[PDB]
$ cat data.pdb   # PDB, C-alpha atoms
MODEL        1
ATOM      1  CA  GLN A   1      41.660  25.417   7.602  1.00  0.00           C
ATOM      2  CA  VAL A   2      41.174  23.064   4.663  1.00  0.00           C
ATOM      3  CA  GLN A   3      37.578  23.212   3.460  1.00  0.00           C
ATOM      4  CA  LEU A   4      35.574  21.508   0.706  1.00  0.00           C
ATOM      5  CA  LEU A   5      32.073  22.657  -0.274  1.00  0.00           C
ATOM      6  CA  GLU A   6      29.837  20.177  -2.116  1.00  0.00           C
ATOM      7  CA  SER A   7      26.928  21.220  -4.336  1.00  0.00           C
ATOM      8  CA  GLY A   8      24.768  19.480  -6.908  1.00  0.00           C
ATOM      9  CA  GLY A   9      22.186  17.845  -4.671  1.00  0.00           C
ATOM     10  CA  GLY A  10      18.409  17.894  -4.573  1.00  0.00           C
ATOM     11  CA  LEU A  11      15.712  15.715  -6.081  1.00  0.00           C
ATOM     12  CA  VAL A  12      16.891  14.532  -9.504  1.00  0.00           C
ATOM     13  CA  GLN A  13      15.576  11.990 -11.980  1.00  0.00           C
ATOM     14  CA  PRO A  14      17.789   9.017 -12.877  1.00  0.00           C
ATOM     15  CA  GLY A  15      19.052   8.901 -16.434  1.00  0.00           C
ATOM     16  CA  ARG A  16      19.526  12.679 -16.472  1.00  0.00           C
ATOM     17  CA  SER A  17      22.654  14.798 -16.757  1.00  0.00           C
ATOM     18  CA  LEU A  18      23.987  16.035 -13.422  1.00  0.00           C
ATOM     19  CA  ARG A  19      26.543  18.645 -12.349  1.00  0.00           C
ATOM     20  CA  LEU A  20      28.445  18.453  -9.052  1.00  0.00           C
ATOM     21  CA  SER A  21      30.788  21.181  -7.831  1.00  0.00           C
ATOM     22  CA  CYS A  22      33.316  21.018  -5.000  1.00  0.00           C
ATOM     23  CA  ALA A  23      35.084  24.200  -3.901  1.00  0.00           C
ATOM     24  CA  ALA A  24      38.486  23.914  -2.217  1.00  0.00           C
ATOM     25  CA  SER A  25      39.923  26.368   0.300  1.00  0.00           C
ATOM     26  CA  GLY A  26      42.563  26.598   2.994  1.00  0.00           C
ATOM     27  CA  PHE A  27      45.263  24.939   0.882  1.00  0.00           C
ATOM     28  CA  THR A  28      46.901  25.569  -2.469  1.00  0.00           C
ATOM     29  CA  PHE A  29      44.614  23.684  -4.824  1.00  0.00           C
ATOM     30  CA  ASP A  30      46.450  22.727  -7.977  1.00  0.00           C
ATOM     31  CA  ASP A  31      49.465  20.954  -6.469  1.00  0.00           C
ATOM     32  CA  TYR A  32      47.612  17.888  -5.127  1.00  0.00           C
ATOM     33  CA  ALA A  33      45.831  14.825  -6.434  1.00  0.00           C
ATOM     34  CA  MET A  34      42.122  14.590  -5.821  1.00  0.00           C
ATOM     35  CA  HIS A  35      39.389  11.993  -5.395  1.00  0.00           C
ATOM     36  CA  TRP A  36      35.654  11.376  -5.732  1.00  0.00           C
ATOM     37  CA  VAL A  37      34.412   8.423  -3.615  1.00  0.00           C
ATOM     38  CA  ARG A  38      31.051   6.669  -4.300  1.00  0.00           C
ATOM     39  CA  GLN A  39      28.786   5.816  -1.300  1.00  0.00           C
ATOM     40  CA  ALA A  40      25.479   4.130  -2.185  1.00  0.00           C
ATOM     41  CA  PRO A  41      22.735   5.034   0.318  1.00  0.00           C
ATOM     42  CA  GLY A  42      22.054   2.144   2.644  1.00  0.00           C
ATOM     43  CA  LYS A  43      25.414   0.600   1.717  1.00  0.00           C
ATOM     44  CA  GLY A  44      29.160   1.090   2.111  1.00  0.00           C
ATOM     45  CA  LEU A  45      31.787   3.314   0.527  1.00  0.00           C
ATOM     46  CA  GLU A  46      33.654   2.658  -2.716  1.00  0.00           C
ATOM     47  CA  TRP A  47      36.081   4.498  -5.000  1.00  0.00           C
ATOM     48  CA  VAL A  48      34.461   6.070  -8.072  1.00  0.00           C
ATOM     49  CA  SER A  49      36.917   8.512  -9.613  1.00  0.00           C
ATOM     50  CA  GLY A  50      40.012  10.638  -9.194  1.00  0.00           C
ATOM     51  CA  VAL A  51      42.328  13.026 -10.984  1.00  0.00           C
ATOM     52  CA  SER A  52      46.051  13.796 -10.851  1.00  0.00           C
ATOM     53  CA  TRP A  53      47.850  16.968  -9.804  1.00  0.00           C
ATOM     54  CA  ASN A  54      48.111  17.980 -13.474  1.00  0.00           C
ATOM     55  CA  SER A  55      44.311  17.687 -13.803  1.00  0.00           C
ATOM     56  CA  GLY A  56      44.649  14.235 -15.394  1.00  0.00           C
ATOM     57  CA  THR A  57      41.591  11.919 -15.235  1.00  0.00           C
ATOM     58  CA  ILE A  58      42.598   8.733 -13.304  1.00  0.00           C
ATOM     59  CA  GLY A  59      39.743   6.814 -15.016  1.00  0.00           C
ATOM     60  CA  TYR A  60      36.236   5.559 -14.234  1.00  0.00           C
ATOM     61  CA  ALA A  61      34.650   2.775 -12.210  1.00  0.00           C
ATOM     62  CA  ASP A  62      33.692  -0.645 -13.549  1.00  0.00           C
ATOM     63  CA  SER A  63      30.026   0.087 -14.282  1.00  0.00           C
ATOM     64  CA  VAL A  64      30.449   3.680 -15.507  1.00  0.00           C
ATOM     65  CA  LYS A  65      32.956   3.187 -18.331  1.00  0.00           C
ATOM     66  CA  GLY A  66      33.374   6.305 -20.455  1.00  0.00           C
ATOM     67  CA  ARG A  67      30.230   8.214 -19.481  1.00  0.00           C
ATOM     68  CA  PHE A  68      31.209  10.455 -16.538  1.00  0.00           C
ATOM     69  CA  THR A  69      33.449  13.527 -16.742  1.00  0.00           C
ATOM     70  CA  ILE A  70      35.805  14.925 -14.095  1.00  0.00           C
ATOM     71  CA  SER A  71      37.324  18.370 -14.666  1.00  0.00           C
ATOM     72  CA  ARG A  72      39.199  20.961 -12.608  1.00  0.00           C
ATOM     73  CA  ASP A  73      38.745  24.739 -12.677  1.00  0.00           C
ATOM     74  CA  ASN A  74      42.235  25.872 -11.709  1.00  0.00           C
ATOM     75  CA  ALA A  75      41.215  29.522 -12.120  1.00  0.00           C
ATOM     76  CA  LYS A  76      38.734  29.721  -9.222  1.00  0.00           C
ATOM     77  CA  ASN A  77      39.956  26.683  -7.231  1.00  0.00           C
ATOM     78  CA  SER A  78      37.078  24.319  -7.976  1.00  0.00           C
ATOM     79  CA  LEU A  79      36.351  20.836  -9.294  1.00  0.00           C
ATOM     80  CA  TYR A  80      33.379  19.490 -11.250  1.00  0.00           C
ATOM     81  CA  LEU A  81      31.924  16.053 -11.945  1.00  0.00           C
ATOM     82  CA  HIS A  82      29.241  15.513 -14.580  1.00  0.00           C
ATOM     83  CA  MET A  83      27.174  12.323 -14.641  1.00  0.00           C
ATOM     84  CA  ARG A  84      24.966  10.839 -17.357  1.00  0.00           C
ATOM     85  CA  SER A  85      22.514   7.937 -17.625  1.00  0.00           C
ATOM     86  CA  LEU A  86      21.800   7.492 -13.930  1.00  0.00           C
ATOM     87  CA  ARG A  87      19.897   4.465 -12.680  1.00  0.00           C
ATOM     88  CA  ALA A  88      18.265   3.823  -9.310  1.00  0.00           C
ATOM     89  CA  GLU A  89      21.431   2.186  -7.941  1.00  0.00           C
ATOM     90  CA  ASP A  90      24.048   4.589  -9.306  1.00  0.00           C
ATOM     91  CA  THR A  91      22.788   6.861  -6.510  1.00  0.00           C
ATOM     92  CA  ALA A  92      25.680   7.598  -4.174  1.00  0.00           C
ATOM     93  CA  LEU A  93      26.778   9.836  -1.313  1.00  0.00           C
ATOM     94  CA  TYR A  94      29.694  11.133  -3.347  1.00  0.00           C
ATOM     95  CA  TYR A  95      32.620  12.600  -1.411  1.00  0.00           C
ATOM     96  CA  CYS A  96      35.303  15.072  -2.498  1.00  0.00           C
ATOM     97  CA  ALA A  97      38.854  15.235  -1.168  1.00  0.00           C
ATOM     98  CA  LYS A  98      42.533  15.742  -2.000  1.00  0.00           C
ATOM     99  CA  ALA A  99      45.823  13.855  -1.595  1.00  0.00           C
ATOM    100  CA  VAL A 100      48.375  14.232   1.195  1.00  0.00           C
ATOM    101  CA  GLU A 101      51.425  13.596  -0.976  1.00  0.00           C
ATOM    102  CA  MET A 102      53.170  16.723  -2.248  1.00  0.00           C
ATOM    103  CA  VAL A 103      54.916  17.315  -5.558  1.00  0.00           C
ATOM    104  CA  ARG A 104      58.593  16.340  -5.242  1.00  0.00           C
ATOM    105  CA  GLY A 105      58.169  14.432  -2.002  1.00  0.00           C
ATOM    106  CA  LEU A 106      59.267  10.881  -1.153  1.00  0.00           C
ATOM    107  CA  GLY A 107      59.751   7.392  -8.985  1.00  0.00           C
ATOM    108  CA  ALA A 108      56.185   8.134 -10.051  1.00  0.00           C
ATOM    109  CA  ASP A 109      53.429  10.658  -9.468  1.00  0.00           C
ATOM    110  CA  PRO A 110      51.842  10.053  -6.037  1.00  0.00           C
ATOM    111  CA  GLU A 111      48.055   9.992  -6.222  1.00  0.00           C
ATOM    112  CA  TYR A 112      46.870   8.148  -3.079  1.00  0.00           C
ATOM    113  CA  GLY A 113      46.112   9.848   0.222  1.00  0.00           C
ATOM    114  CA  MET A 114      42.385   9.906   0.923  1.00  0.00           C
ATOM    115  CA  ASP A 115      42.790  12.619   3.548  1.00  0.00           C
ATOM    116  CA  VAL A 116      40.176  15.366   4.069  1.00  0.00           C
TER     117      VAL A 116
ATOM    118  CA  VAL B   1      99.022  47.434 -26.312  1.00  0.00           C
ATOM    119  CA  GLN B   2      96.297  45.251 -27.689  1.00  0.00           C
ATOM    120  CA  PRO B   3      94.161  42.861 -25.622  1.00  0.00           C
ATOM    121  CA  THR B   4      94.435  39.099 -25.928  1.00  0.00           C
ATOM    122  CA  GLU B   5      91.335  37.210 -24.784  1.00  0.00           C
ATOM    123  CA  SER B   6      87.809  37.711 -23.467  1.00  0.00           C
ATOM    124  CA  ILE B   7      86.397  37.014 -20.002  1.00  0.00           C
ATOM    125  CA  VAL B   8      82.667  36.714 -19.260  1.00  0.00           C
ATOM    126  CA  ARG B   9      81.432  36.323 -15.693  1.00  0.00           C
ATOM    127  CA  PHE B  10      78.238  35.575 -13.765  1.00  0.00           C
ATOM    128  CA  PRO B  11      77.468  33.959 -10.369  1.00  0.00           C
ATOM    129  CA  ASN B  12      76.839  30.232  -9.925  1.00  0.00           C
ATOM    130  CA  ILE B  13      73.986  28.914 -12.053  1.00  0.00           C
ATOM    131  CA  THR B  14      70.923  29.282  -9.841  1.00  0.00           C
ATOM    132  CA  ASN B  15      67.583  27.485  -9.497  1.00  0.00           C
ATOM    133  CA  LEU B  16      66.564  26.024 -12.846  1.00  0.00           C
ATOM    134  CA  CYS B  17      62.929  25.801 -13.849  1.00  0.00           C
ATOM    135  CA  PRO B  18      61.648  22.205 -13.493  1.00  0.00           C
ATOM    136  CA  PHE B  19      60.672  21.542 -17.097  1.00  0.00           C
ATOM    137  CA  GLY B  20      61.900  17.948 -16.966  1.00  0.00           C
ATOM    138  CA  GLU B  21      59.413  16.141 -14.757  1.00  0.00           C
ATOM    139  CA  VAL B  22      56.504  18.068 -16.243  1.00  0.00           C
ATOM    140  CA  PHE B  23      57.267  16.001 -19.353  1.00  0.00           C
ATOM    141  CA  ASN B  24      58.419  12.936 -17.384  1.00  0.00           C
ATOM    142  CA  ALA B  25      55.113  12.874 -15.462  1.00  0.00           C
ATOM    143  CA  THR B  26      53.018   9.654 -15.249  1.00  0.00           C
ATOM    144  CA  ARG B  27      50.716  11.019 -17.992  1.00  0.00           C
ATOM    145  CA  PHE B  28      49.159  14.087 -19.700  1.00  0.00           C
ATOM    146  CA  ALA B  29      45.436  15.013 -19.551  1.00  0.00           C
ATOM    147  CA  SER B  30      42.659  15.082 -22.223  1.00  0.00           C
ATOM    148  CA  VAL B  31      41.998  17.776 -24.859  1.00  0.00           C
ATOM    149  CA  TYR B  32      38.903  19.237 -23.210  1.00  0.00           C
ATOM    150  CA  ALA B  33      40.501  18.342 -19.869  1.00  0.00           C
ATOM    151  CA  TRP B  34      43.769  19.926 -20.972  1.00  0.00           C
ATOM    152  CA  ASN B  35      46.517  21.370 -18.805  1.00  0.00           C
ATOM    153  CA  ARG B  36      48.103  24.813 -18.560  1.00  0.00           C
ATOM    154  CA  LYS B  37      50.447  26.491 -16.116  1.00  0.00           C
ATOM    155  CA  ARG B  38      52.714  29.528 -15.944  1.00  0.00           C
ATOM    156  CA  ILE B  39      56.409  29.596 -15.036  1.00  0.00           C
ATOM    157  CA  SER B  40      58.434  32.597 -13.877  1.00  0.00           C
ATOM    158  CA  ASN B  41      61.349  33.512 -11.579  1.00  0.00           C
ATOM    159  CA  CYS B  42      63.504  30.636 -12.874  1.00  0.00           C
ATOM    160  CA  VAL B  43      66.059  30.061 -15.626  1.00  0.00           C
ATOM    161  CA  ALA B  44      65.228  27.857 -18.613  1.00  0.00           C
ATOM    162  CA  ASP B  45      68.103  25.949 -20.187  1.00  0.00           C
ATOM    163  CA  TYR B  46      66.751  24.838 -23.605  1.00  0.00           C
ATOM    164  CA  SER B  47      70.019  22.906 -23.893  1.00  0.00           C
ATOM    165  CA  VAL B  48      68.565  19.470 -23.155  1.00  0.00           C
ATOM    166  CA  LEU B  49      66.103  19.857 -26.045  1.00  0.00           C
TER     167      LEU B  49
ENDMDL
END

$ encode --input "data.pdb" --output "structure tokens"
Amino acid sequence: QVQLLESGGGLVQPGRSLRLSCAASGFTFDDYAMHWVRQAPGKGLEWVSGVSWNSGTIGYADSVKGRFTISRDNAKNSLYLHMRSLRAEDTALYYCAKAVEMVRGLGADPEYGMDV
Amino acid sequence: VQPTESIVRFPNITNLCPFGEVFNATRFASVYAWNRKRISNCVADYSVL
């Protein structure tokens, strides 16, 4: 039973610092890659960030260069994303998930697999 | 009688610890987003170093 709990919602002002927490359960956490996906309200779904198995930041989106932070609490099986300098349109229905591909399975580190 | 030569024995070399591809990974992480893990139950060679 893989499970991901998302927190960090509510009414928040744009331009302010924000903390989002996703808790992972039902699967060994720190052997998989992991993804945050942006989803503007009233619009579609787009990739915003990710991080490797080794807790390595994949990078940041086009409009958010060098001002978000993605980190991984390996101790309590959790993941955090901090945002800064929000605007009205950086609002998104952010999603948390992992990667299907296992360590030492099928070169290079596999990081795709938008799965759960 | 005196002995001649020494013999040292041990079973086949078992599961090595996978140091290699931890350092041959696509990349390392940041300083605040730094990485740590713990290894046990495996043999470490140190010979490749």

$ closest_atom_pairs --input "data.pdb" --of "chain A" --to "chain B" --cutoff "12 Å" --atoms "all atoms listed in the file" --output "JSON lines"
{"residue": "A:30", "atom": "CA", "partner": "B:37", "partner_atom": "CA", "distance": 9.8}
{"residue": "A:31", "atom": "CA", "partner": "B:37", "partner_atom": "CA", "distance": 11.2}
{"residue": "A:51", "atom": "CA", "partner": "B:29", "partner_atom": "CA", "distance": 9.3}
{"residue": "A:52", "atom": "CA", "partner": "B:29", "partner_atom": "CA", "distance": 8.8}
{"residue": "A:53", "atom": "CA", "partner": "B:25", "partner_atom": "CA", "distance": 10.1}
{"residue": "A:54", "atom": "CA", "partner": "B:35", "partner_atom": "CA", "distance": 6.5}
{"residue": "A:55", "atom": "CA", "partner": "B:29", "partner_atom": "CA", "distance": 6.4}
{"residue": "A:56", "atom": "CA", "partner": "B:29", "partner_atom": "CA", "distance": 4.3}
{"residue": "A:57", "atom": "CA", "partner": "B:29", "partner_atom": "CA", "distance": 6.6}
{"residue": "A:58", "atom": "CA", "partner": "B:29", "partner_atom": "CA", "distance": 9.3}
{"residue": "A:59", "atom": "CA", "partner": "B:29", "partner_atom": "CA", "distance": 11.0}
{"residue": "A:69", "atom": "CA", "partner": "B:33", "partner_atom": "CA", "distance": 9.1}
{"residue": "A:70", "atom": "CA", "partner": "B:33", "partner_atom": "CA", "distance": 8.2}
{"residue": "A:71", "atom": "CA", "partner": "B:33", "partner_atom": "CA", "distance": 6.1}
{"residue": "A:72", "atom": "CA", "partner": "B:33", "partner_atom": "CA", "distance": 7.8}
{"residue": "A:73", "atom": "CA", "partner": "B:33", "partner_atom": "CA", "distance": 9.8}
{"residue": "A:74", "atom": "CA", "partner": "B:36", "partner_atom": "CA", "distance": 9.1}
{"residue": "A:75", "atom": "CA", "partner": "B:37", "partner_atom": "CA", "distance": 10.5}
{"residue": "A:79", "atom": "CA", "partner": "B:33", "partner_atom": "CA", "distance": 11.6}
{"residue": "A:80", "atom": "CA", "partner": "B:33", "partner_atom": "CA", "distance": 11.2}
{"residue": "A:81", "atom": "CA", "partner": "B:33", "partner_atom": "CA", "distance": 11.9}
{"residue": "A:103", "atom": "CA", "partner": "B:21", "partner_atom": "CA", "distance": 10.3}
{"residue": "A:104", "atom": "CA", "partner": "B:21", "partner_atom": "CA", "distance": 9.6}
{"residue": "A:107", "atom": "CA", "partner": "B:26", "partner_atom": "CA", "distance": 9.5}
{"residue": "A:108", "atom": "CA", "partner": "B:26", "partner_atom": "CA", "distance": 6.3}
{"residue": "A:109", "atom": "CA", "partner": "B:26", "partner_atom": "CA", "distance": 5.9}
{"residue": "A:110", "atom": "CA", "partner": "B:26", "partner_atom": "CA", "distance": 9.3}
{"residue": "A:111", "atom": "CA", "partner": "B:26", "partner_atom": "CA", "distance": 10.3}

$ atom_distance --input "data.pdb" --atom1 "CA of residue 19 (chain A)" --atom2 "CA of residue 78 (chain A)"
12.7 Å

$ axis_aligned_box --input "data.pdb" --around "region 64-83 of chain A" --padding-each-side "3 Å" --output "JSON"
{"center_x": 34.7, "center_y": 16.5, "center_z": -13.8, "size_x": 21.1, "size_y": 32.5, "size_z": 19.2}

$ closest_residue --input "data.pdb" --among "A:83, A:88, A:22, A:97" --to "residue 115 (chain A)" --atoms "only C-alpha atoms"
A:97

$ residues_around --input "data.pdb" --residues "residue 48 (chain A)" --least-positions-apart "4" --cutoff "10 Å" --atoms "all atoms listed in the file" --output "PyMOL selection string"
chain A and resi 35-39+59-64+92+94-95

$ resolve_selection --input "data.pdb" --expression "the PyMOL selection byres ((chain A and resi 27) around 9)" --output "PyMOL selection string"
chain A and resi 1-3+24-26+28-29

$ atom_distance --input "data.pdb" --atom1 "CA of residue 16 (chain B)" --atom2 "CA of residue 33 (chain A)"
24.4 Å

$ closest_residue --input "data.pdb" --among "A:114, A:106, A:93, A:21" --to "residue 76 (chain A)" --atoms "only C-alpha atoms"
A:21

$ residues_around --input "data.pdb" --residues "residue 13 (chain A)" --least-positions-apart "4" --cutoff "10 Å" --atoms "only C-alpha atoms" --output "ChimeraX atom specification"
/A:17-18,85-88

$ atom_distance --input "data.pdb" --atom1 "CA of residue 46 (chain B)" --atom2 "CA of residue 17 (chain B)"
10.5 Å

$ resolve_selection --input "data.pdb" --expression "the PyMOL selection byres ((chain B and resi 7-14) around 12)" --output "PyMOL selection string"
chain B and resi 3-6+15-17+41-45

$ closest_residue --input "data.pdb" --among "A:90, A:102, A:66, A:96" --to "residue 15 (chain A)" --atoms "all atoms listed in the file"
A:90
